[PDB]
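Okay, structure first, notes after.
Positions of Cβ are backbone-derived with ideal geometry, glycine not excepted, and every protein chain shown enters the neighbour counts. The values are calculated or read from the model by the stated rules, or taken from the named source; no laboratory read-out is quoted.
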Ligand code: CLA
Ligand code: CLA
Ligand code: CLA
Ligand code: CLA
Ligand code: CLA
Ligand code: CLA
Ligand code: CLA
Ligand code: CLA
Ligand SMILES: CC1=C(/C=C/C(C)=C/C=C/C(C)=C/C=C/C=C(C)/C=C/C=C(C)/C=C/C2=C(C)CCCC2(C)C)C(C)(C)CCC1
Ligand SMILES: CC1=C(/C=C/C(C)=C/C=C/C(C)=C/C=C/C=C(C)/C=C/C=C(C)/C=C/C2=C(C)CCCC2(C)C)C(C)(C)CCC1
Ligand SMILES: CCCCCCCCCCCCCCCCCC(=O)O
């Protein structure tokens, strides 16, 4: 509300999620909880609108040749965040024949910080998930 | 439809011009200090 | 001095608008006679 | 784009991806508008130059 | 320095006055009722500091 | 030719172009409304209705839209702080848009009536002369006024078919738009009872319908027609101006004193709430109550809502402004960020001391600390040499309960004095002065600006009333007195009755 | 009536009111020059002729007063840095006062000639018609112009009776007002020889005096009088505009390229000094000499004057600005406070590297360091993934000699990189950006602004010449061609010579 | 003058210019309503002024509850 757009990398990268102990079978009360990595929303080659970047681009504000650089350092110096998110998966449906499960999830993670330019927001995501389990 | 009969010429003589310009310039001289504050 | 920056436009329009009005009326009075 | 700077953006990207300046149809367009401006000024000037005296200098 | 106490009062537009606050400031109390024409001053610099123009005007 | 001050009299005998002009005026006023709202939307910060409400931000028409039920933006915010709402089409933006479309349509109708001025409707069927039956027009328009007035009260304000209006508790903490039911009893005349506003519009609406019907069917008595020159449109302008300046004085007073229709969450507190310590009483009431039931000092004061504390602070007093101190109140003391807490002062003997609060009359006020009995025990002295009561001599300390400095105590005299200089303004806040480059000088609120303009316009329209009233009653001598007025008529004794030639002696 | 673009033609046959019009224009111009000078005094900072000279401050008329010998203010400063000086009346303030007074007297002269327009002098004795004998006036005015031209050179520029003019050394370090002897040899024609300016005025003045005498005494031949329409004052307008735009192109030229009359201490450097590294060469000469005499690097670089380094900086290049980048150069890069020192870059192998300098064409420019052979040895890369020459990879350091940083060495890549980005602008200076709220973007100098305005004005005046030249030669058909023009004159084959009826068949 | 459809409809509403009732007409009845309205504004004024004080009528912000 108000028109602020919040980008985020909705992700479960490197997810590791575990159940409670002694689980002889997956049931409609089974819960996984885990955490994942949230890499930076833009990656290292991303150039900003004045041509500045991490792995490429200008390293300064070339349009203001003789400005004091110290005021612009946070914008001139791109930084690549890596952060953690947490996720719950609640199994609410099991087809014990096929090995299909289904349920809801909730995750919490951070939003885009625009390569260190501003502070990210906290995001909570909710939804549904489906998975099929096969003997490996 | 006939043209409108209620129309009239309007006038401002030279002396009223001088009077009004004096009014506006002195009023500006007085309030300008307050606008700049 | 740290004066209000709109004071200048305030003052300029305050002078210009009513002055122009009077001049318009005077000149068209003269081209009548 | 529906803009002034966006127009130029469109013009520049075009030249890079199509070499529009080396395209004869665009060269014909430049002849079209240059020459149209020419003949515009030519015709105006020539008719203006041969106006029949019907007025005074004031 | 209207009051002769070496505390100069600013009166003119270019020294931070507007129409309402500006003033030609009276001559120094140190002069009292003495006549202070320009030619009685060592310099215009002195005459200005001591309020010379008020008397002339 | 006509003098410049009479150009608009060419409309006196031209009903069609008179309507054209009135349309153009109405187009302009509606256009303004739409422009003013758009400018305010583009400058309004909706993110904190507690410490940065609309009335701190120089908002003028926003509160009038909110007063009658428009409270949200298409952008998703509401002025009550609720978020993720969907106002429908009647958002601030949609209201602004409607007034602009209305402006454009009025403009076009004005063109049509200006060109096609010579409508047979305006001609008197007997004499072929333009003429307006002003007595019957009054009845038609009055009947219409009464329908609208009644419907406004019966449907909009009740919620029967409409949103209601803004109502709040006595301390302006929990306001919102609610339907309001009529108050038919004598408390309906209480300016602070919102139910009376509803009953007024219903009953007055019905009287207006009845009066309207009377004035459509019953012709004016000949005596009255003659007395008030009811064939002269300028008599209507004279009485209309008088009613307008009457209405203008009333709305200025109720804005200044407060009434159910000028709530403090839309317009700011009144000065009388500062004079009478209205919010300070209530705040103390709650701290006492929290203490009686055994809460600690820190607990009692931390329970004080910031919104209430922010009313108990002279920077929101509308009588602390200046004529040429322009803009939002935020431009002066700053954008309030947080309540710092309640300052308690004590001298070296543990006695609690009370800062004497600044009265609205005073641009500047000395810092004087009294005990509960009103005896002076500390101050900040001007002349230091014979100082009896300095903070340094009396060991004055300041401790904070609630707010951002809760549980902090200060003892270094310069710091303690610094808070005591703020305690004269009431409760102490942290302000952001950088963002707006605030200059530190108190400005008035919309309650103040509205009252000033309307009291001034009223007084000026009284002169309009006198001028046009005079012109109506003395029409025959406007251009000058009779060049054949005979001296026996103005000299004493000739006539028994002054001016009456039939009373000769 | 008259079209708006012809209102001023009422003066063509009215020599008195023409003089009045011209007096009024003259008053406006003197008024402008006095106004402009007062504004520049009110805003000029005299405290630093080294790093904050007039041309850094957007001073436009101050250098033209300086140029001809006005160098001091009534407040006791001079532009050469000398304090405690009595300029007499002819200070910057006295010259301004004079132009204001002169403007006011010309104003009154204009009212007199406007009102008393019908003077018998302006009427031809033969025919009683308004007539001006333009051949005679030209001779009179030429003779006067010659007297003034001669005297200006003979007395003011030589110092015989007058102050001389601004002269300086070839690197703009030691300028001042000095009498100047005439150079009568062929080097007089060298635009950089000041003695030629003197000689020019003496000889040219003499020639003007003789030519003026010839033009008072010898009537023009009938042939030229007819061909050039010398009874028509618009012919003078046409030729005058031409001589004006001719003159305007020359002053634009000599201002852009430099001459003895456009010194760099008054107007700033030229762009061609940046292009040829004129100042960088000289700084280097001096350094190579000091090391020869056996001073250290610190000692040799510490002997370079700040003034001379400040010239070796592209921020003072007049070709680095923008058309709507407004104000003084201090508003861009800031107010120069000090020379930081000459920056010397080395790689890890101890070899010295040289930042390639920004050419004036380039708004932005990459940082490339080469060795003495111009082999690329270090850069700041765009894409880093395959960089070979990054400062981190090459161990690039910076060490400073002279200036404020003398004897310091920085090794961390970020610091070395910021000084390398300034090294493209030439010598590195400490700037004050706070005072003027400078934005960091290069502006042009009064040399650039003068050149732009006069080259534009010259070009437009060309069109004025063509316009009034055509109106002179074609006056007979200015209102249209002859309504009864036979086709035989305009069609082919009738007349053996075009437009000559005597050559029929 | 120009006739229009809407004009002809509205016509009788602007057709009695000058018509009066004879003599004083309803002037006495008007005077009564004026008197009642003065008293009524008096009360309203003196309530706001706290010069008329009425049971269960609390002229204060605390009448919002
Ligand atoms: C059950 C029926 C009912 C009820 C509950 C109400 C309720 C109300 N009426 Mg309504 N009314 C009704 C029927 C009803 N009315 C009917 C039938 C009519 C006749 C059509 C009206 C006509 C009417 C009018 C004309 C007014 C009200 C007003 C009011 C409000 C009074 C509170 C207030 O703030 O007064 C505040 C107003 C006053 C105390 C009046 C002050 C009069 C001033 C002092 C006169 C002098 C002015 C003078 C020119 C200035 C001189 C100089 C000065 C600066 C010193 C309240 C909402 C008042 C209002 O709208 O207030 C906003 C009001 O003015 N009523
Ligand atoms: C009833 C009218 C009214 C009222 C009460 C307000 C009230 C307010 N407006 Mg709004 N406004 C209005 C009409 C109104 N406005 C109109 C018509 C416009 C369009 C021009 C605007 C445009 C507007 C903008 C653009 C802004 C406001 C803002 C504000 C706030 C600050 C106002 C301020 O600083 O005034 C100070 C006012 C003065 C100093 C005016 C003094 C009047 C002069 C001195 C009178 C001249 C004397 C005259 C010549 C007499 C001599 C005659 C004699 C010789 C015969 C405040 C809430 C501001 C705000 O905070 O918005 C968020 C803001 O930025 N208003
Ligand atoms: C509804 C209100 C209203 C209406 C319709 C009229 C209508 C009229 N007035 Mg009245 N008048 C009014 C209110 C009103 N007046 C008030 C409040 C006053 C006291 C200030 C007067 C004082 C007054 C005088 C003294 C005279 C009139 C005259 C006239 C007539 C000619 C006006 C003219 O050509 O002005 C032309 C005016 C101008 C061309 C420019 C005036 C510019 C002013 C100074 C400032 C601009 C204000 C701004 C644009 C917008 C208004 C802001 C705010 C009010 C909303 C006309 C019938 C004249 C008359 O009787 O002639 C027979 C006359 O001499 N009026
Ligand atoms: C011993 C005697 C003597 C001496 C030493 C000088 C010395 C000088 N004369 Mg003077 N001169 C003398 C006698 C003398 N004069 C006499 C007797 C006369 C006759 C009255 C003149 C008439 C005269 C004129 C008319 C001019 C000089 C100029 C000069 C200066 C030449 C250096 C320069 O900057 O040229 C720079 C000027 C030129 C190189 C000539 C410009 C020619 C251009 C190309 C003309 C074409 C422009 C065209 C209209 C538009 C351009 C097209 C496109 C590129 C835009 C120098 C100070 C020149 C001057 O004052 O310049 C500052 C100058 O213009 N002299
Ligand atoms: C009465 C004498 C007088 C004096 C001593 C001055 C003195 C000065 N003026 Mg002022 N001025 C005067 C009258 C005077 N002015 C008048 C009447 C006006 C109004 C028109 C001005 C308008 C004016 C302006 C607008 C400016 C000055 C400026 C200046 C200063 C620099 C002058 C300069 O560079 O000239 C340079 C002049 C020339 C290069 C002109 C050369 C003549 C050309 C080549 C024409 C040649 C054509 C000729 C007919 C052919 C001759 C043929 C030959 C063979 C003889 C100086 C302090 C400047 C300043 O700093 O002001 C603060 C400035 O910007 N003055
Ligand atoms: C500022 C100097 C000056 C000026 C303006 C004049 C002006 C005049 N002279 Mg005088 N004269 C002068 C100096 C001057 N003279 C001097 C020093 C002498 C020597 C004593 C004379 C001797 C003299 C004689 C003997 C006569 C005149 C005559 C005339 C008149 C007619 C000129 C004519 O027909 O031009 C014709 C020229 C044109 C119509 C236009 C020419 C335009 C040129 C060619 C354009 C060049 C453009 C080109 C691209 C730029 C050059 C490029 C670069 C490389 C050089 C005129 C009033 C005649 C007259 O009537 O006397 C009363 C005459 O008989 N003059
Ligand atoms: C020969 C003319 C001339 C020149 C070269 C200068 C040069 C300078 N002035 Mg001075 N100035 C002049 C005349 C001149 N001035 C006049 C006449 C005035 C009185 C108004 C002033 C008043 C003045 C002030 C008040 C100041 C300067 C300052 C300065 C400096 C910076 C100027 C700047 O930022 O430009 C900016 C220039 C532009 C943005 C150019 C605008 C041109 C546009 C494109 C308009 C033309 C469009 C046109 C309408 C097209 C229509 C075509 C149609 C036929 C279709 C510079 C040294 C400044 C300074 O540093 O002071 C110390 C400063 O503060 N000047
Ligand atoms: C010495 C210079 C000079 C002089 C004295 C004249 C004189 C004249 N011109 Mg010529 N002219 C000149 C230069 C000059 N011109 C130049 C340089 C050009 C090319 C741009 C022209 C192009 C030109 C045309 C096309 C025409 C004239 C016409 C005329 C006549 C009528 C002018 C009029 O009523 O304007 C009235 C003008 C106005 C009321 C307002 C104009 C506003 C302008 C556009 C902007 C104002 C500029 C501003 C004040 C600052 C000036 C800066 C200055 C340093 C340049 C008059 C004889 C007219 C003519 O032939 O009549 C028969 C005509 O049609 N002139
Ligand atoms: C046509 C059309 C349209 C359009 C419209 C428009 C767009 C509108 C706009 C409008 C507007 C946009 C308007 C506005 C207006 C404004 C105004 C009207 C204002 C006023 C003001 C004033 C009057 C002020 C005054 C003052 C001052 C200045 C100072 C202070 C005081 C005072 C307040 C007095 C549309 C599309 C819709 C539709 C179709 C048609
Ligand atoms: C009477 C008198 C007097 C007085 C005088 C005076 C005080 C005057 C002043 C004067 C002055 C004070 C003047 C001024 C003027 C100015 C001017 C003349 C200006 C001009 C401008 C312009 C023309 C511009 C243009 C432009 C623009 C605007 C923009 C950009 C472009 C341009 C540059 C083009 C005296 C006492 C002395 C003496 C006795 C008598
Ligand atoms: C006042 C202390 C310094 C001495 C002043 C010297 C005398 C005055 C000199 C003024 C210089 C102007 C001479 C140039 C004017 C040319 C003559 C003219 O064209 O009107």
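Quick look at the values:
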item	result
Top-ranked residue in segment F:315-349 [being away from ligand 2 (no atom under 13 Å from the Cβ) and under 27 Å from residue B:30 (Cα atoms); ranked as surrounded by the fewest Cβ atoms within 10 Å (Cβ to Cβ)]	F:319
Criterion violated by residue F:286 - all others in (1) more than 13 Å from every other protein chain (Cβ to nearest Cβ); (2) over 17 Å from residue F:174 (Cβ atoms); (3) in contact with a helix residue (DSSP H, G or I) (Cβ under 8 Å, 6 or more places away or on another chain) satisfied	(2)
Condition met for residue G:161 (assigned to a helix (DSSP H, G or I), under 22 Å from residue G:63 (Cα atoms) and out of contact with any strand residue (DSSP E or B) (no Cβ under 8 Å at 6 or more places or on another chain))	no
Condition check for residue F:205: away from chain H (no Cβ under 11 Å), in contact with a helix residue (DSSP H, G or I) (Cβ under 6 Å, 6 or more places away or on another chain), in a helix (DSSP H, G or I) and within 22 Å of residue F:239 (Cα to Cα)	yes
Residue within segment A:52-72 that is away from chain G (no Cβ under 11 Å) and surrounded by 14 or more Cβ atoms within 10 Å (Cβ to Cβ) present	no
Qualifying residue in segment G:29-41 (condition: touching a helix residue (DSSP H, G or I) at 6+ places or on another chain (Cβ under 6 Å), within 14 Å of chain D (Cβ to nearest Cβ) and within 16 Å of ligand 8 (Cβ to nearest atom))	no
Pair list, Cβ < 8 Å and 6+ apart or interchain, from segment H:33-49 residues that are within 10 Å of chain F (Cβ to nearest Cβ) and in contact (Cβ under 8 Å) with a residue 12 or more places away in the chain to residues that are part of a helix (DSSP H, G or I) and away from ligand 9 (no atom under 16 Å from the Cβ)	H:47/F:189
Qualifying residue in segment G:495-502 (condition: surrounded by 14 or more Cβ atoms within 10 Å (Cβ to Cβ) and either more than 14 Å from chain D (Cβ to nearest Cβ) or within 16 Å of ligand 7 (Cβ to nearest atom) (or both))	yes
Some residue of segment G:70-92 being surrounded by 17 or more Cβ atoms within 10 Å (Cβ to Cβ), within 15 Å of ligand 11 (Cβ to nearest atom), outside the structural domain of residue G:431 (by CATH) and at positive phi	no
Residue match in segment G:74-87 (condition: under 23 Å from residue G:180 (Cβ atoms), assigned to a strand (DSSP E or B) and more than 16 Å from ligand 3 (Cβ to nearest atom))	yes
Residue in segment G:165-172 that is more than 30 Å from residue G:281 (Cα to Cα), more than 16 Å from ligand 7 (Cβ to nearest atom) and not in a loop (DSSP other than H, G, I, E, B) present	no
Selection from chain C of residues that are within 8 Å of another protein chain (Cβ to nearest Cβ) and within 15 Å of residue B:23 (Cα to Cα)	C:11, C:14, C:15, C:18, C:19, C:22, C:23
Qualifying residue in segment G:136-154 (condition: away from ligand 5 (no atom under 13 Å from the Cβ), away from chain E (no Cβ under 14 Å), exposed (fewer than 13 other Cβ atoms within 10 Å of the Cβ) and part of a helix (DSSP H, G or I))	no
Selection status of residue F:196, more than 15 Å from ligand 3 (Cβ to nearest atom), in contact (Cβ under 8 Å) with a residue 12 or more places away in the chain, assigned by CATH to the domain that holds residue F:475 and in a helix (DSSP H, G or I)	yes
Residue, surrounded by the fewest Cβ atoms within 10 Å (Cβ to Cβ), within segment G:9-30, restricted to residues that are under 24 Å from residue G:231 (Cβ atoms) and within 16 Å of ligand 10 (Cβ to nearest atom)	G:22
Single residue of G:23, G:68 found to be more than 24 Å from residue G:332 (Cβ to Cβ), more than 16 Å from ligand 8 (Cβ to nearest atom) and away from chain D (no Cβ under 14 Å)	G:68
Among the candidates F:168, F:176, residue that is touching a strand residue (DSSP E or B) at 6+ places or on another chain (Cβ under 8 Å), surrounded by fewer than 19 Cβ atoms within 10 Å (Cβ to Cβ), in contact (Cβ under 8 Å) with a residue 24 or more places away in the chain and within 14 Å of chain H (Cβ to nearest Cβ)	F:176
Index of the failed condition, residue F:245 passing every other in (1) touching a residue at least 12 places away in the same chain (Cβ under 8 Å); (2) closer than 30 Å to residue F:319 by Cα; (3) within 12 Å of chain H (Cβ to nearest Cβ)	(3)
Residue ID - nearest to ligand 6 (Cβ to nearest atom), chosen from residues in segment F:1-44 that are in contact (Cβ under 8 Å) with a residue 24 or more places away in the chain and part of a loop (DSSP other than H, G, I, E, B)	F:14
Where residue G:122 falls short, out of the listed (1) in contact with a strand residue (DSSP E or B) (Cβ under 6 Å, 6 or more places away or on another chain); (2) within 16 Å of ligand 4 (Cβ to nearest atom)	(2)
Filter pass, residue A:9 being in a loop (DSSP other than H, G, I, E, B), out of contact with any helix residue (DSSP H, G or I) (no Cβ under 7 Å at 6 or more places or on another chain) and in contact (Cβ under 8 Å) with a residue 60 or more places away in the chain	yes
Single residue of segment F:425-438 satisfying the filter (outside any loop (DSSP other than H, G, I, E, B), more than 27 Å from residue F:255 (Cβ to Cβ) and touching a helix residue (DSSP H, G or I) at 6+ places or on another chain (Cβ under 9 Å)) that is nearest to ligand 11 (Cβ to nearest atom)	F:432
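Quick grid of which residues meet (1) buried (at least 18 other Cβ atoms within 10 Å of the Cβ); (2) within 16 Å of ligand 8 (Cβ to nearest atom); (3) free of Cβ contacts under 8 Å to residues at least 24 places away in the same chain; (4) part of a helix (DSSP H, G or I):
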{"position": "F:440", "(1), (2), (3), (4)": "no, no, no, no"}
{"position": "F:457", "(1), (2), (3), (4)": "no, no, no, yes"}
{"position": "F:463", "(1), (2), (3), (4)": "no, no, yes, yes"}
{"position": "F:467", "(1), (2), (3), (4)": "no, no, yes, yes"}
{"position": "F:470", "(1), (2), (3), (4)": "no, no, yes, yes"}
{"position": "F:476", "(1), (2), (3), (4)": "no, no, yes, yes"}
{"position": "F:482", "(1), (2), (3), (4)": "no, no, yes, no"}
